[PDB]
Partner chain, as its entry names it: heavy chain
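What follows is one chain in structure tokens, specifically the form deposited without the partner chain.
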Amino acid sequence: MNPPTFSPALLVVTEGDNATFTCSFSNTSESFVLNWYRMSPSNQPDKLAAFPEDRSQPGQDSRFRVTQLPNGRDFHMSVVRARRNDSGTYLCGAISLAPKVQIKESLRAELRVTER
């Protein structure tokens, strides 16, 4: 497995707007999960959303969405109604579920949410 890529490296939006990063990941045949994390400011990496949508736990209402685009390689990681407090760093992490369980992370990207 190759690590995903996460773009753009810097996204600047105005408070109230949506913000969308693109995670690109080219899978093996094998099952995988793609997690979107907020990395700072941090307690630890905080998982925001995942692909596939998690069915191991009850659903959770969220401003954060991960969608697979019809090309299958690209995924949108979106925030709705971005707040100043959403400013920080983010990454996407691919988890291979077979044959060996491993996680490979993208480089970080920064979200800057500016005052209206």
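Numbering follows the first chain given and starts at 1.
Out of 70-78 and 52-60, which stretch has the higher average CA B-factor listed in the record? Stretch with the greater average CA B-factor: 52-60.
Of 24-32 and 39-47, the one with larger mean CA B-factor: So the stretch with the higher mean C-alpha B-factor is 39-47.
Take the CA temperature factors straight from the PDB entry and tell me which of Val13, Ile103, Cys92, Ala9 peaks. Largest recorded C-alpha B-factor: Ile103.
Chain-wide C-alpha B factor ranking for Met1, given as lowest, middle or highest third: Top third by C-alpha B-factor.
Although it is not shown, the form solved in complex with the partner chain is what the next lines describe.
Going by heavy atoms, what in 2-18 lies within 4.5 angstroms of the partner chain in the deposited bound form? Going through 2-18 in order - heavy atoms within 4.5 Å of the partner chain in the deposited bound form - there are no hits.
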